[PDB]
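**Student:** Sending over final20.cif (mmCIF, C-alpha atoms).
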```
data_model
loop_
_atom_site.label_atom_id
_atom_site.label_comp_id
_atom_site.auth_asym_id
_atom_site.auth_seq_id
_atom_site.Cartn_x
_atom_site.Cartn_y
_atom_site.Cartn_z
CA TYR I 1 -10.02 0.67 -15.50
CA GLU I 2 -7.52 3.42 -16.44
CA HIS I 3 -3.86 2.24 -16.55
CA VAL I 4 -1.18 4.98 -16.75
CA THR I 5 2.40 3.96 -17.72
CA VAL I 6 5.66 5.67 -18.86
CA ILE I 7 7.93 3.99 -21.48
CA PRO I 8 11.23 5.34 -23.00
CA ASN I 9 11.15 6.91 -26.51
CA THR I 10 12.95 3.86 -28.04
CA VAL I 11 11.62 2.17 -31.22
CA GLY I 12 12.00 -1.64 -31.52
CA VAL I 13 12.20 -2.49 -27.79
CA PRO I 14 9.20 -4.36 -26.20
CA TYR I 15 8.13 -3.15 -22.72
CA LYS I 16 5.89 -5.15 -20.33
CA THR I 17 3.51 -3.57 -17.78
CA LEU I 18 1.59 -5.21 -14.88
CA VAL I 19 -2.09 -4.14 -14.66
CA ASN I 20 -3.32 -4.79 -11.09
CA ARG I 21 -6.98 -3.80 -10.57
CA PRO I 22 -7.80 -4.44 -6.83
CA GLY I 23 -10.05 -7.49 -6.42
CA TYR I 24 -9.29 -8.71 -9.99
CA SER I 25 -6.58 -11.10 -11.34
CA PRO I 26 -3.41 -9.34 -12.70
CA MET I 27 -2.99 -8.60 -16.45
CA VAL I 28 0.30 -8.24 -18.42
CA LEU I 29 0.46 -5.94 -21.50
CA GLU I 30 3.36 -5.93 -24.00
CA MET I 31 3.94 -2.53 -25.70
CA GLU I 32 6.38 -1.77 -28.54
CA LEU I 33 7.03 1.51 -30.41
CA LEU I 34 6.97 0.91 -34.19
CA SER I 35 7.56 4.59 -35.20
CA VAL I 36 7.82 8.05 -33.54
CA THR I 37 6.35 11.71 -35.96
CA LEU I 38 7.67 15.21 -35.03
CA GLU I 39 6.05 17.83 -37.33
CA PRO I 40 7.43 21.42 -36.97
CA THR I 41 5.22 24.53 -37.44
CA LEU I 42 6.58 26.20 -40.61
CA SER I 43 6.43 29.77 -41.98
CA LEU I 44 7.56 30.27 -45.60
CA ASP I 45 9.98 33.22 -45.93
CA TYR I 46 10.56 32.90 -49.73
CA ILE I 47 11.37 30.43 -52.58
CA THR I 48 14.48 30.31 -54.82
CA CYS I 49 14.87 28.87 -58.36
CA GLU I 50 16.73 29.38 -61.69
CA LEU H 2296 -16.21 -30.03 12.86
CA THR H 2297 -12.51 -30.59 13.53
CA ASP H 2298 -9.07 -29.63 12.23
CA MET H 2299 -9.90 -26.15 10.92
CA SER H 2300 -7.63 -23.70 9.03
CA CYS H 2301 -8.56 -20.36 7.39
CA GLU H 2302 -6.74 -18.92 4.32
CA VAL H 2303 -7.64 -15.54 2.70
CA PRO H 2304 -6.30 -15.45 -0.93
CA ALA H 2305 -8.06 -12.13 -1.78
CA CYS H 2306 -9.43 -9.14 0.23
CA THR H 2307 -10.48 -5.56 -0.63
CA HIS H 2308 -12.13 -3.56 2.22
CA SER H 2309 -15.33 -2.04 0.73
CA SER H 2310 -19.14 -1.67 1.25
CA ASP H 2311 -19.77 -4.97 -0.65
CA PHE H 2312 -18.25 -8.49 -0.14
CA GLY H 2313 -14.71 -7.72 -1.38
CA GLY H 2314 -13.13 -10.62 0.53
CA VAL H 2315 -12.78 -14.34 -0.36
CA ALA H 2316 -12.00 -16.98 2.34
CA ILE H 2317 -11.26 -20.75 2.07
CA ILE H 2318 -11.89 -22.84 5.24
CA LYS H 2319 -10.55 -26.44 5.52
CA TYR H 2320 -12.39 -28.95 7.81
CA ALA H 2321 -12.89 -32.56 9.06
CA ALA H 2322 -16.64 -33.41 9.39
CA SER H 2323 -18.24 -36.40 11.20
CA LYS H 2324 -21.20 -36.79 8.73
CA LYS H 2325 -23.14 -35.27 5.77
CA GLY H 2326 -25.39 -32.36 6.85
CA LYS H 2327 -26.11 -28.60 6.79
CA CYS H 2328 -24.01 -26.25 8.98
CA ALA H 2329 -24.61 -22.54 9.73
CA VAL H 2330 -21.91 -19.93 8.88
CA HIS H 2331 -21.64 -16.73 10.99
CA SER H 2332 -18.92 -14.18 11.83
CA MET H 2333 -18.25 -13.84 15.59
CA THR H 2334 -16.66 -10.40 14.88
CA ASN H 2335 -18.99 -7.35 14.57
CA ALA H 2336 -16.70 -5.72 11.94
CA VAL H 2337 -16.89 -8.61 9.38
CA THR H 2338 -20.12 -9.92 7.69
CA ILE H 2339 -20.51 -13.25 5.76
CA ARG H 2340 -22.76 -13.55 2.63
CA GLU H 2341 -23.40 -17.32 3.22
CA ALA H 2342 -26.04 -18.26 5.84
CA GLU H 2343 -25.70 -22.10 5.54
CA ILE H 2344 -23.53 -24.60 3.60
CA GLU H 2345 -23.16 -28.41 3.10
CA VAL H 2346 -20.41 -30.49 4.81
CA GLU H 2347 -19.28 -34.17 4.37
CA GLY H 2348 -15.86 -35.12 5.80
CA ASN H 2349 -12.32 -34.12 4.76
CA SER H 2350 -13.10 -31.12 2.48
CA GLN H 2351 -13.08 -27.27 2.08
CA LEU H 2352 -15.52 -24.30 1.65
CA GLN H 2353 -15.36 -20.89 -0.12
CA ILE H 2354 -17.06 -17.88 1.57
CA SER H 2355 -17.56 -14.19 0.59
CA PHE H 2356 -17.02 -11.54 3.31
CA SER H 2357 -17.34 -7.73 3.75
CA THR H 2358 -15.15 -5.59 6.09
CA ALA H 2359 -13.93 -1.97 6.58
CA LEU H 2360 -10.61 -2.62 8.45
CA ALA H 2361 -7.26 -2.98 6.59
CA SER H 2362 -5.92 -5.58 9.09
CA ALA H 2363 -8.79 -8.01 9.79
CA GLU H 2364 -8.47 -10.80 12.41
CA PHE H 2365 -11.91 -12.45 12.66
CA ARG H 2366 -13.50 -15.66 14.03
CA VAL H 2367 -15.94 -17.63 11.79
CA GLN H 2368 -18.40 -20.00 13.53
CA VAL H 2369 -19.04 -22.94 11.16
CA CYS H 2370 -21.77 -25.19 12.71
CA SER H 2371 -20.74 -25.23 16.44
CA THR H 2372 -16.89 -24.94 16.12
CA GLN H 2373 -14.91 -21.67 15.60
CA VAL H 2374 -11.93 -20.89 13.27
CA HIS H 2375 -9.51 -17.87 13.24
CA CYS H 2376 -9.12 -16.00 9.90
CA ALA H 2377 -6.10 -13.78 9.10
CA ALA H 2378 -6.63 -11.14 6.35
CA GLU H 2379 -4.72 -8.08 5.07
CA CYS H 2380 -7.40 -6.25 3.02
CA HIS H 2381 -6.52 -3.47 0.52
CA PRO H 2382 -8.28 -0.13 -0.32
CA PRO H 2383 -10.83 0.04 -3.20
CA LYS H 2384 -10.57 2.16 -6.40
CA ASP H 2385 -13.71 4.26 -5.60
CA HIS H 2386 -14.02 6.67 -2.62
CA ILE H 2387 -17.83 7.11 -3.00
CA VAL H 2388 -20.23 4.11 -3.37
CA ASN H 2389 -23.87 3.89 -4.71
CA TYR H 2390 -25.21 1.42 -2.02
CA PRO H 2391 -25.35 1.49 1.85
CA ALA H 2392 -23.52 -0.96 4.19
CA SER H 2393 -23.27 -2.01 7.90
CA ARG S 247 24.70 21.25 -50.97
CA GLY S 248 26.00 17.94 -49.59
CA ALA S 249 23.97 15.40 -47.57
CA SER S 250 20.50 16.29 -46.20
CA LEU S 251 19.18 15.84 -42.60
CA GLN S 252 17.95 12.30 -43.60
CA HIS S 253 21.67 11.22 -43.69
CA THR S 254 23.32 13.69 -41.19
CA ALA S 255 20.77 13.92 -38.28
CA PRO S 256 21.55 12.17 -34.93
CA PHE S 257 19.45 9.46 -33.11
CA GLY S 258 18.78 7.71 -36.47
CA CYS S 259 16.21 10.32 -37.63
CA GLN S 260 14.28 9.64 -40.87
CA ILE S 261 13.25 12.85 -42.70
CA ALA S 262 9.94 12.88 -44.65
CA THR S 263 8.37 15.62 -46.85
CA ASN S 264 4.92 17.17 -47.69
CA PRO S 265 4.51 18.01 -44.78
CA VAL S 266 8.11 18.14 -43.51
CA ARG S 267 8.56 16.16 -40.29
CA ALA S 268 10.97 13.83 -38.49
CA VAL S 269 10.02 10.16 -38.18
CA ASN S 270 11.48 7.61 -35.77
CA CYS S 271 13.66 9.52 -33.31
CA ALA S 272 15.01 8.13 -30.03
CA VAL S 273 15.06 10.71 -27.24
CA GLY S 274 13.24 11.22 -23.95
CA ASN S 275 10.26 9.25 -22.68
CA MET S 276 6.55 9.03 -23.49
CA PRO S 277 3.45 8.46 -21.34
CA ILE S 278 0.63 6.15 -22.43
CA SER S 279 -2.83 5.85 -20.87
CA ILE S 280 -4.90 2.70 -21.45
CA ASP S 281 -8.57 2.52 -20.34
CA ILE S 282 -9.07 -1.29 -20.29
CA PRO S 283 -12.82 -2.29 -20.22
CA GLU S 284 -14.16 -4.23 -17.23
CA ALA S 285 -15.13 -6.89 -19.77
CA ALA S 286 -11.49 -8.00 -19.88
CA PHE S 287 -11.08 -8.34 -16.12
CA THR S 288 -11.49 -11.45 -13.96
CA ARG S 289 -12.09 -11.48 -10.20
CA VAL S 290 -9.35 -13.01 -8.05
CA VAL S 291 -11.70 -15.42 -6.28
CA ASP S 292 -12.58 -16.91 -9.67
CA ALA S 293 -8.89 -17.84 -9.80
CA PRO S 294 -6.67 -20.30 -7.93
CA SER S 295 -3.87 -20.00 -5.37
CA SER T 2843 -11.16 8.34 -1.98
CA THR T 2844 -8.21 9.48 0.14
CA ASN T 2845 -5.98 6.43 0.51
CA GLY T 2846 -5.17 5.43 4.09
CA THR T 2847 -2.01 3.45 3.38
CA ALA T 2848 -0.40 1.60 6.28
CA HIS T 2849 3.27 2.61 6.25
CA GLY T 2850 6.03 2.61 6.44
CA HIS T 2851 7.26 3.10 8.87
CA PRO T 2852 5.12 5.92 10.28
CA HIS T 2853 4.50 7.99 7.14
CA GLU T 2854 1.41 6.16 5.87
CA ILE T 2855 0.56 6.29 9.58
CA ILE T 2856 -0.57 9.91 9.32
CA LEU T 2857 -2.33 9.13 6.04
CA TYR T 2858 -5.08 7.32 7.95
CA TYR T 2859 -6.02 10.69 9.43
CA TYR T 2860 -8.04 11.31 6.27
CA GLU T 2861 -9.80 7.98 6.75
CA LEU T 2862 -13.06 8.16 9.58
CA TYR T 2863 -10.71 11.46 11.50
CA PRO T 2864 -11.26 15.10 12.35
CA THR T 2865 -9.64 14.44 15.72
CA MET T 2866 -7.75 11.14 15.92
CA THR T 2867 -4.32 12.69 15.38
CA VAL T 2868 -4.74 15.56 17.84
CA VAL T 2869 -5.58 13.15 20.67
CA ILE T 2870 -2.56 11.03 19.77
CA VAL T 2871 -0.41 14.16 19.84
CA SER T 2872 -1.76 15.01 23.29
CA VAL T 2873 -0.91 11.50 24.44
CA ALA T 2874 2.60 11.92 23.05
CA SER T 2875 2.93 15.19 24.94
CA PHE T 2876 1.83 13.44 28.13
CA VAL T 2877 4.43 10.75 27.49
CA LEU T 2878 7.08 13.43 27.02
CA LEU T 2879 6.02 15.01 30.31
CA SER T 2880 6.37 11.64 32.01
CA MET T 2881 9.82 11.27 30.47
CA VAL T 2882 10.75 14.77 31.60
CA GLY T 2883 9.40 14.18 35.10
CA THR T 2884 11.41 10.97 35.34
CA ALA T 2885 14.59 12.80 34.33
CA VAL T 2886 13.94 15.56 36.87
CA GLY T 2887 13.35 12.94 39.55
CA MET T 2888 16.52 11.12 38.49
CA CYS T 2889 18.60 14.29 38.82
CA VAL T 2890 17.16 14.90 42.29
CA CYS T 2891 17.95 11.29 43.17
CA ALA T 2892 21.49 11.78 41.87
CA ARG T 2893 21.78 14.69 44.29
CA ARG T 2894 20.41 12.45 47.03
CA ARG T 2895 23.25 10.05 46.28
CA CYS T 2896 25.84 12.82 46.15
CA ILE T 2897 24.50 14.23 49.42
CA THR T 2898 26.40 12.86 52.41
CA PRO T 2899 29.56 12.91 50.28
CA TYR T 2900 28.90 16.65 50.36
CA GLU T 2901 30.46 16.96 53.81
CA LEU T 2902 33.12 16.34 53.34
CA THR T 2903 36.67 15.26 52.53
CA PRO T 2904 38.77 12.43 51.08
CA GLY T 2905 36.24 9.96 49.68
CA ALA T 2906 35.41 10.78 46.07
CA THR T 2907 36.09 12.11 43.73
CA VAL T 2908 36.71 8.37 44.01
CA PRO T 2909 32.99 7.71 43.59
CA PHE T 2910 33.47 10.30 40.77
CA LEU T 2911 34.99 7.43 38.60
CA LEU T 2912 31.93 5.37 39.05
CA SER T 2913 29.53 8.34 38.37
CA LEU T 2914 26.51 9.50 37.10
CA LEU T 2915 28.29 12.13 35.59
CA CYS T 2916 27.28 14.34 38.54
CA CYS T 2917 30.04 13.03 40.72
CA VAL T 2918 32.64 13.28 37.97
CA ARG T 2919 31.80 16.89 37.55
CA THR T 2920 32.28 17.82 41.36
CA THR T 2921 35.52 15.84 41.56
CA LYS T 2922 36.88 20.27 41.65
CA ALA T 2923 40.16 21.17 43.96
#
```
Translate the structure described by the file into structure tokens.
**Tutor:**
Amino acid sequence: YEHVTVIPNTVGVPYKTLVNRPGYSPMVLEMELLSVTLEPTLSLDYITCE
Amino acid sequence: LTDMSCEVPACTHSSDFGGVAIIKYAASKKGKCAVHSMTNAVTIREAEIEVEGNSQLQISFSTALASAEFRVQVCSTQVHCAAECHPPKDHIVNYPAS
Amino acid sequence: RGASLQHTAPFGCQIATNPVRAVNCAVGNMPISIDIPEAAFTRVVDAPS
Amino acid sequence: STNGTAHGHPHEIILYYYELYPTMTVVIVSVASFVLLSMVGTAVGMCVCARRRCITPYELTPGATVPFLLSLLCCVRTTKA
């Protein structure tokens, strides 16, 4: 059973979702964001030194 | 059979028995009683069950209607069942039904 | 040069290197799909009222 | 597939169309049109009846007005002048 849910991009806050599959007893899932990675696509122009 | 009440804790209108019904009763003696739906839209999985006195029975039922008001004939006495069945997850099934 | 992005960036951003990317950053939402197996589901009837 | 939700109110009502259908809704629409015609016919009859009431008083002199107003409207608007 596929369960789709939307949670805010906030690390450290636990969010609870109710999974209700028709004909089956409800299920509660606790989700918490531990860390969020944003890697930018880079293009080296040049390098500077002494 | 006397004092009869019908409670539907779970119902999902599908090709198979997606409904559960609990029927309370007051029996005169220990014996076998036939179970049959008096409504042509609802079908019961159980053909016959055992009764004693002041007890209950769990039955599996199949229906297509969302709002299902059906009469169940246990032994020789009838009971009215109120059910608000919900749609299933699948639109196409792999087995035929009534 | 002063302070880097690790110290000056908003939303409490943590800046990592090799490759360069931003870790832990509060902003916007995020969708999550969970395909729970039928082996972890229990029929209602098998339950109580 | 297609979910035939109940309501509500109406809304989910048209959703059923998809469930068991081609038809269904069109017949209901025709019935609604018939109902509207009945409503329109009643109104037309009522207006003619209102004339039937206003009659006599159409010939003619002091005596409503008064009626008027009590007057459905038409009573009054002859009453003028």
**Student:** Output as a PDB file with C-alpha atoms, in the frame of the given file the set of chain S residues within 8 Å of chain H, with distances taken over only C-alpha atoms.
**Tutor:**
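Below you can see result.pdb, which holds the result:
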```pdb
ATOM      1  CA  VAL S 290      -9.350 -13.010  -8.050  1.00  0.00           C
ATOM      2  CA  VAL S 291     -11.700 -15.420  -6.280  1.00  0.00           C
ATOM      3  CA  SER S 295      -3.870 -20.000  -5.370  1.00  0.00           C
TER       4      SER S 295
END
```
**Student:** Please identify all residues of chain I having at least one atom at most 9 Å from any atom of chain H, considering only C-alpha atoms, and return them as a ChimeraX atom specification.
**Tutor:** /I:21-24
**Student:** Find the residues around residue 2301 of chain H up to 12 Å (only C-alpha atoms counted), leave out those fewer than 2 positions away in its own chain, and share them as a PyMOL selection string.
**Tutor:** chain H and resi 2298-2299+2303-2304+2315-2320+2351-2354+2364-2369+2373-2378
**Student:** Dig up all the protein and nucleic acid residues within 10 Å of (-15.0, -7.1, -14.5) in the file frame, using all atoms listed in the file, and format them as an MDAnalysis selection string.
**Tutor:** (chainID I and resid 1 21 23:25) or (chainID S and resid 283:289)
**Student:** Select from chain T every residue with an atom at most 9 Å from any atom of chain H, then for each give the shortest pair of atoms and their distance in Å to one decimal, using all atoms listed in the file, rows by chain and rising number, as a Markdown table.
**Tutor:**
```
| residue | atom | partner | partner_atom | distance |
| --- | --- | --- | --- | --- |
| T:2843 | CA | H:2386 | CA | 3.4 |
| T:2844 | CA | H:2386 | CA | 7.0 |
| T:2845 | CA | H:2382 | CA | 7.0 |
| T:2846 | CA | H:2382 | CA | 7.7 |
| T:2847 | CA | H:2382 | CA | 8.1 |
| T:2848 | CA | H:2361 | CA | 8.3 |
```
**Student:** Kindly export the residues of the current selection with C-alpha atoms, as a compact mmCIF listing (two decimals), keeping the file's coordinate frame.
**Tutor:**
```
# COMPACT_ATOMS: atom_id res chain seq x y z
CA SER T 2843 -11.16 8.34 -1.98
CA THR T 2844 -8.21 9.48 0.14
CA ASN T 2845 -5.98 6.43 0.51
CA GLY T 2846 -5.17 5.43 4.09
CA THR T 2847 -2.01 3.45 3.38
CA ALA T 2848 -0.40 1.60 6.28
```
**Student:** Using the atoms already present, construct N, CA, C and O atoms for segment 264-286 of chain S and hand them back as a compact mmCIF listing (two decimals), keeping the file's coordinate frame.
**Tutor:**
```
# COMPACT_ATOMS: atom_id res chain seq x y z
N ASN S 264 6.32 16.87 -47.38
CA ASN S 264 4.92 17.17 -47.69
C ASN S 264 3.89 16.50 -46.74
O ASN S 264 3.19 15.57 -47.16
N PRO S 265 3.76 16.94 -45.46
CA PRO S 265 4.51 18.01 -44.78
C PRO S 265 5.87 17.54 -44.26
O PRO S 265 6.07 16.34 -44.09
N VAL S 266 6.78 18.48 -44.01
CA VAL S 266 8.11 18.14 -43.51
C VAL S 266 8.07 17.80 -42.02
O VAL S 266 7.63 18.61 -41.20
N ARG S 267 8.54 16.61 -41.68
CA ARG S 267 8.56 16.16 -40.29
C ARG S 267 9.60 15.07 -40.08
O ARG S 267 10.06 14.43 -41.04
N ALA S 268 9.98 14.85 -38.83
CA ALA S 268 10.97 13.83 -38.49
C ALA S 268 10.30 12.57 -37.95
O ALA S 268 9.54 12.62 -36.99
N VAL S 269 10.59 11.44 -38.59
CA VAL S 269 10.02 10.16 -38.18
C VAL S 269 11.05 9.30 -37.47
O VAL S 269 12.25 9.36 -37.78
N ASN S 270 10.59 8.49 -36.52
CA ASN S 270 11.48 7.61 -35.77
C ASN S 270 12.69 8.35 -35.21
O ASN S 270 13.70 8.52 -35.89
N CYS S 271 12.58 8.79 -33.96
CA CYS S 271 13.66 9.52 -33.31
C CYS S 271 13.74 9.18 -31.82
O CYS S 271 12.83 9.51 -31.05
N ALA S 272 14.82 8.51 -31.43
CA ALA S 272 15.01 8.13 -30.03
C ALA S 272 15.48 9.31 -29.19
O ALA S 272 16.48 9.95 -29.50
N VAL S 273 14.73 9.60 -28.13
CA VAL S 273 15.06 10.71 -27.24
C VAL S 273 13.92 11.00 -26.27
O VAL S 273 12.79 11.25 -26.69
N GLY S 274 14.23 10.96 -24.98
CA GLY S 274 13.24 11.22 -23.95
C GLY S 274 12.26 10.07 -23.79
O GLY S 274 12.40 9.03 -24.43
N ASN S 275 11.27 10.27 -22.93
CA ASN S 275 10.26 9.25 -22.68
C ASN S 275 8.90 9.61 -23.27
O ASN S 275 8.77 10.62 -23.96
N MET S 276 7.90 8.79 -22.99
CA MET S 276 6.55 9.03 -23.49
C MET S 276 5.51 8.30 -22.65
O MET S 276 5.60 7.09 -22.45
N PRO S 277 4.52 9.04 -22.16
CA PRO S 277 3.45 8.46 -21.34
C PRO S 277 2.34 7.86 -22.20
O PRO S 277 2.07 8.36 -23.29
N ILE S 278 1.71 6.81 -21.70
CA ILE S 278 0.63 6.15 -22.43
C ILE S 278 -0.48 5.69 -21.48
O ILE S 278 -0.24 4.89 -20.58
N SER S 279 -1.68 6.21 -21.70
CA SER S 279 -2.83 5.85 -20.87
C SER S 279 -3.72 4.84 -21.58
O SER S 279 -4.11 5.04 -22.73
N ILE S 280 -4.05 3.75 -20.88
CA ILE S 280 -4.90 2.70 -21.45
C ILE S 280 -6.11 2.45 -20.55
O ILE S 280 -5.95 1.98 -19.41
N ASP S 281 -7.31 2.75 -21.06
CA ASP S 281 -8.57 2.52 -20.34
C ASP S 281 -9.12 1.16 -20.76
O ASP S 281 -9.90 1.05 -21.72
N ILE S 282 -8.68 0.10 -20.05
CA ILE S 282 -9.07 -1.29 -20.29
C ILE S 282 -10.52 -1.52 -19.82
O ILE S 282 -10.82 -1.21 -18.66
N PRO S 283 -11.43 -2.06 -20.67
CA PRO S 283 -12.82 -2.29 -20.22
C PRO S 283 -12.93 -3.37 -19.15
O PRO S 283 -12.11 -4.29 -19.11
N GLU S 284 -13.94 -3.26 -18.29
CA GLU S 284 -14.16 -4.23 -17.23
C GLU S 284 -14.54 -5.59 -17.79
O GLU S 284 -14.65 -6.57 -17.06
N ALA S 285 -14.75 -5.65 -19.10
CA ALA S 285 -15.13 -6.89 -19.77
C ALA S 285 -13.91 -7.79 -19.98
O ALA S 285 -14.05 -8.95 -20.37
N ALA S 286 -12.73 -7.24 -19.72
CA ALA S 286 -11.49 -8.00 -19.88
C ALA S 286 -10.82 -8.26 -18.54
O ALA S 286 -9.63 -8.57 -18.47
```
